[PDB]
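Notes follow once the structure below has been shown.
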2 protein chains.
Amino acid sequence: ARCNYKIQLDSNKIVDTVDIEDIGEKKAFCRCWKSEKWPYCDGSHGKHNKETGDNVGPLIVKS
Amino acid sequence: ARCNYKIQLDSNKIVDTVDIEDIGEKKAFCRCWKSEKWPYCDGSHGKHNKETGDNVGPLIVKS
Ligand code: FES
Ligand code: FES
């Protein structure tokens, strides 16, 4: 049971790097692998959780 | 097909918040929902990807 059906399926391993000096006030990062704005959250987690009963959600990095 | 079988299954929605002033040099955050050090990566993604063919990996936040 894989988790990612959408993001860079050609890649062997998806690791994203961000510098704190690009966060601004705050940024929300996707942990559900469904965002169309990867690696940022775009709210797609909500439909996923409703359909599946899951409870996943983003990481908020703040300043 | 839910993604999270491990983290706070009582919770309706798992949103984590971190302040950049707690990153230090860098921190790696789990996006595979298998870490025993949630919300940080503990390398559990590697066994998951080997078993399933998946390609998920952490978010690295650096300074
Ligand atoms: S779109 Fe994936 S966690 Fe929000
Ligand atoms: S342990 Fe989950 S992304 Fe590394």
Side-chain angles (χ1 to χ4, degrees), chain A residues 1-20 22-24 26-46 48-49 52-63, chain B residues 1-20 22-24 26-46 48-49 52-63:
Chain A
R2 68 186 292 143
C3 265
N4 182 22
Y5 286 88
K6 182 179 182 69
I7 310 301
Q8 312 175 18
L9 291 176
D10 51 337
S11 173
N12 207 156
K13 178 58 171 292
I14 299 172
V15 178
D16 288 302
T17 304
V18 298
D19 191 347
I20 62 171
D22 295 331
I23 298 299
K26 58 175 173 284
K27 285 295 177 188
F29 293 92
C30 179
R31 303 188 299 185
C32 71
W33 298 87
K34 293 190 174 184
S35 176
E36 301 286 333
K37 304 199 273 79
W38 187 264
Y40 301 105
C41 176
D42 69 356
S44 293
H45 57 263
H48 169 73
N49 291 333
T52 62
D54 206 0
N55 57 0
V56 292
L59 174 67
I60 308 306
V61 176
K62 68 181 181 68
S63 294
Chain B
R2 68 186 292 143
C3 265
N4 182 22
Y5 286 88
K6 182 179 182 69
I7 310 301
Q8 312 175 18
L9 291 176
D10 51 337
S11 173
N12 207 156
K13 178 58 171 292
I14 299 172
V15 178
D16 288 302
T17 304
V18 298
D19 191 347
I20 62 171
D22 295 331
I23 298 299
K26 58 175 173 284
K27 285 295 177 188
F29 293 92
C30 179
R31 303 188 299 185
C32 71
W33 298 87
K34 293 190 174 184
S35 176
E36 301 286 333
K37 304 199 273 79
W38 187 264
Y40 301 105
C41 176
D42 69 356
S44 293
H45 57 263
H48 169 73
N49 291 333
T52 62
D54 206 0
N55 57 0
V56 292
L59 174 67
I60 308 306
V61 176
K62 68 181 181 68
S63 294

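Just the heavy atoms: all of them, side chains too, but no hydrogens, waters or symmetry mates, feed the values below. Letters go in sequence order (proteins before strands), and every chain restarts at 1.
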* Is a side-chain N or O of A:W33 found less than 3.5 angstrom from the main chain of B:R31, in a donor-acceptor match? -> yes

* Asked: When rounded to the nearest 0.5 angstrom, what distance separates CG in A:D22 from NZ in B:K62?
  -> 8.0 Å

* To do: Calculate, to the nearest 0.5 Å, the distance between atoms CD1 and CG belonging to A:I14 and B:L59 respectively.
  => 12.5 Å

* For A:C3, does its backbone N or O pair with a side-chain atom of B:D54 as donor and acceptor, under 3.5 Å? -> yes

* To do: Indicate if B:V61 and A:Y40 have the same hydrophobic cluster label, given that clusters are the connected sets of ILVMFWY residues with side-chain heavy-atom separations under 4.5 angstrom.
  => yes

* To do: Could you pull out the closest heavy-atom pair between A:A1 and B:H48, with the gap in Å?
  => O-CE1, 3.7 Å

* To do: Locate the shortest heavy-atom distance separating A:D19 from B:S63; write the atom from each residue and the value.
  => OD1-CA, 3.7 Å

* Asked: Picking from B:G57, B:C41, B:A28, B:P39, which has the most non-hydrogen pairs under 4.5 angstrom with chain A?
  -> B:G57

* Verify same cluster id: B:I20, A:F29 (apolar side-chain graph, 4.5 Å) -> yes

* Asked: In terms of heavy-atom pairs under 4.5 Å with chain A, which of B:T17, B:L9, B:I7 leads?
  -> B:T17

* A:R2 and B:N55, any side-chain heavy atoms less than 4.5 Å apart -> yes

* Contact class of B:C30 relative to chain A, heavy atoms under 4.5 angstrom -> backbone

